[PDB]
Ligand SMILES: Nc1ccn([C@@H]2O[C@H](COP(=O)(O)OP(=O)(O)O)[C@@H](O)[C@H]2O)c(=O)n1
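Have a look below at one chain only, the form solved without this ligand, in structure tokens format.
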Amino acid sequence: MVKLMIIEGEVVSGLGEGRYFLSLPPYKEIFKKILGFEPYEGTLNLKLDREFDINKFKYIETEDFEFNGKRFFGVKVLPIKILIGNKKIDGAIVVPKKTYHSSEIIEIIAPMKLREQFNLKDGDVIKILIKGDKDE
């Protein structure tokens, strides 16, 4: 048996608050290992009406690593399925390994920029599907 959950999120603007590089090699390598593909250089930021914590579902964690003599911090990643209109595309949610409290904001990565492919504007609503399991 498997436990499934569905949550709704609205398109919100957010990019300057997050500061990292995707074009460099090591980011594409670690993403393709966890997801099996290299995500595009961008994010989809959704605001939810409910708090979210990746430690309530089964995610994959990656340890602290170094590249070109610089230290980068470990991160947690969990696959998702993104439903917009009548189409479903594979995506994933990304959050740093270090977390203090829980929030209602999640950032997603995808194979391509969803905002262009679906002509989506800020305020529009899309549905996210999360897979999980219960020991019972």
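Note that residue numbering begins at 1 and tracks the sequence as displayed.
Just so you know, the form deposited with this ligand bound exists too; it's not on screen, but the next bit is about it.
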Open or blocked, once this ligand is placed by superposing site C-alphas in the deposited complex (3+ ligand atoms within 2.4 Å of backbone or C-beta means blocked): blocked
Should the three residues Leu48, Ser103 and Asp124 be counted as contacting this ligand in the deposited complex, with contact defined as a heavy atom within 4.5 Å for each? no
Do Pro26 and this ligand come within 4.5 Å of each other in the deposited complex, heavy atoms counted? no
Quick check on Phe57: any heavy atom within 4.5 Å of this ligand in the deposited complex? no
Would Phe67 count as touching this ligand in the deposited complex under a 4.5 Å heavy atom rule? no
Is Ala110 one of the residues lying within 4.5 Å of this ligand in the deposited complex, judged by heavy atom distances? yes
